[PDB]
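Just below is one structure, and these are the notes that go with it.
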Amino acid sequence: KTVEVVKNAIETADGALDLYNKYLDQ
Amino acid sequence: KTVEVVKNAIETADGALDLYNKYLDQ
Amino acid sequence: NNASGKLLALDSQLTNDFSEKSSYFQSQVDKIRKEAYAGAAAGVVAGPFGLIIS
């Protein structure tokens, strides 16, 4: 269950980084 | 069940390596 | 007479393009600083440890 929450945390961090760069370019 | 947790650990390590290189290039 | 005019045409272009590269440099340094200190602020996905380490 540790592997799945680490995988979801990685996917969430990738999405947050994309959203941060998208807002910062505006 | 060992094979499935090793497969999930491999996929998680690949995702973590991509996220690390993406943040480090920024 | 032809080479003595080519030499003047080269010298004036040289002195203008050097100033344009000297302004390109300063506009590019600020872009490097913008990208670095804007990407370092995304170390809040961890705590302040992740902020100082960025």
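Labels for the structure tokens follow display order: chains A, B, ..., residues from 1 in each chain, ligands from 1.
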Residues of chain B that have any atom at most 10 Å from an atom of chain C: could you tabulate them with the shortest-distance atom pair and the distance in Å to one decimal, using only C-alpha atoms, ordered by chain and increasing number, as a tab-separated table?
residue	atom	partner	partner_atom	distance
B:23	CA	C:39	CA	7.9
B:24	CA	C:39	CA	9.0
B:25	CA	C:39	CA	9.2
B:26	CA	C:39	CA	5.6
With a cut-off of 7 Å and counting only C-alpha atoms, select all residues of chain B in contact with chain A and give the selection as a list in words.
residues 8, 9, 12, 15, 16 and 19 of chain B
Suppose we keep C-alpha atoms; can you now write the selection as a tab-separated table (two decimals), in the first residue's frame?
chain	number	residue	atom	x	y	z
B	8	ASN	CA	4.79	-1.70	-8.96
B	9	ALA	CA	8.10	-0.67	-7.37
B	12	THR	CA	7.08	3.90	-9.22
B	15	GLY	CA	7.93	7.82	-12.42
B	16	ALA	CA	10.06	9.23	-9.59
B	19	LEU	CA	9.75	13.74	-11.91
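Distance-wise, CA of residue 8 in chain C and CA of residue 26 in chain C end up 28.3 Å apart.
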Helix (DSSP H, G or I) positions in chain C, given as a ChimeraX atom specification:
/C:3-42,48-52
Store the residues of this selection in a file with C-alpha atoms, as a PDB file, in the first residue's frame.
ATOM      1  CA  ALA C   3      38.858  47.159 -50.284  1.00  0.00           C
ATOM      2  CA  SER C   4      39.249  50.465 -48.463  1.00  0.00           C
ATOM      3  CA  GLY C   5      35.452  50.840 -48.496  1.00  0.00           C
ATOM      4  CA  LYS C   6      34.787  47.221 -47.551  1.00  0.00           C
ATOM      5  CA  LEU C   7      37.039  47.815 -44.545  1.00  0.00           C
ATOM      6  CA  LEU C   8      34.942  50.784 -43.344  1.00  0.00           C
ATOM      7  CA  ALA C   9      31.722  48.828 -43.898  1.00  0.00           C
ATOM      8  CA  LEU C  10      33.114  45.994 -41.767  1.00  0.00           C
ATOM      9  CA  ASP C  11      34.312  48.281 -38.967  1.00  0.00           C
ATOM     10  CA  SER C  12      30.978  50.064 -38.490  1.00  0.00           C
ATOM     11  CA  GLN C  13      28.994  46.796 -38.442  1.00  0.00           C
ATOM     12  CA  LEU C  14      31.493  45.442 -35.914  1.00  0.00           C
ATOM     13  CA  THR C  15      31.007  48.368 -33.526  1.00  0.00           C
ATOM     14  CA  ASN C  16      27.210  48.138 -33.770  1.00  0.00           C
ATOM     15  CA  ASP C  17      26.887  44.363 -33.357  1.00  0.00           C
ATOM     16  CA  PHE C  18      29.172  44.400 -30.319  1.00  0.00           C
ATOM     17  CA  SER C  19      26.768  46.727 -28.499  1.00  0.00           C
ATOM     18  CA  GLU C  20      23.797  44.583 -29.491  1.00  0.00           C
ATOM     19  CA  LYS C  21      25.517  41.488 -28.069  1.00  0.00           C
ATOM     20  CA  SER C  22      26.360  43.445 -24.914  1.00  0.00           C
ATOM     21  CA  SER C  23      22.656  44.204 -24.419  1.00  0.00           C
ATOM     22  CA  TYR C  24      21.631  40.615 -25.288  1.00  0.00           C
ATOM     23  CA  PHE C  25      23.893  39.466 -22.433  1.00  0.00           C
ATOM     24  CA  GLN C  26      22.138  41.582 -19.800  1.00  0.00           C
ATOM     25  CA  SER C  27      18.691  40.615 -21.035  1.00  0.00           C
ATOM     26  CA  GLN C  28      19.690  36.941 -20.843  1.00  0.00           C
ATOM     27  CA  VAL C  29      21.171  37.008 -17.313  1.00  0.00           C
ATOM     28  CA  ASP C  30      17.823  38.235 -15.950  1.00  0.00           C
ATOM     29  CA  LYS C  31      16.045  35.385 -17.739  1.00  0.00           C
ATOM     30  CA  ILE C  32      18.359  32.852 -16.061  1.00  0.00           C
ATOM     31  CA  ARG C  33      17.661  34.441 -12.662  1.00  0.00           C
ATOM     32  CA  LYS C  34      13.895  34.489 -13.324  1.00  0.00           C
ATOM     33  CA  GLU C  35      13.819  30.797 -14.254  1.00  0.00           C
ATOM     34  CA  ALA C  36      16.007  29.716 -11.326  1.00  0.00           C
ATOM     35  CA  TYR C  37      14.357  31.672  -8.527  1.00  0.00           C
ATOM     36  CA  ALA C  38      10.886  30.957  -9.883  1.00  0.00           C
ATOM     37  CA  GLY C  39      11.547  27.222 -10.021  1.00  0.00           C
ATOM     38  CA  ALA C  40      13.116  27.189  -6.563  1.00  0.00           C
ATOM     39  CA  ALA C  41       9.842  28.447  -5.048  1.00  0.00           C
ATOM     40  CA  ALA C  42       8.175  25.137  -5.991  1.00  0.00           C
ATOM     41  CA  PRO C  48      10.653  24.486   4.824  1.00  0.00           C
ATOM     42  CA  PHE C  49      13.435  21.891   4.576  1.00  0.00           C
ATOM     43  CA  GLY C  50      12.348  21.506   0.951  1.00  0.00           C
ATOM     44  CA  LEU C  51      12.360  25.302   0.611  1.00  0.00           C
ATOM     45  CA  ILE C  52      15.883  25.913   1.901  1.00  0.00           C
TER      46      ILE C  52
END
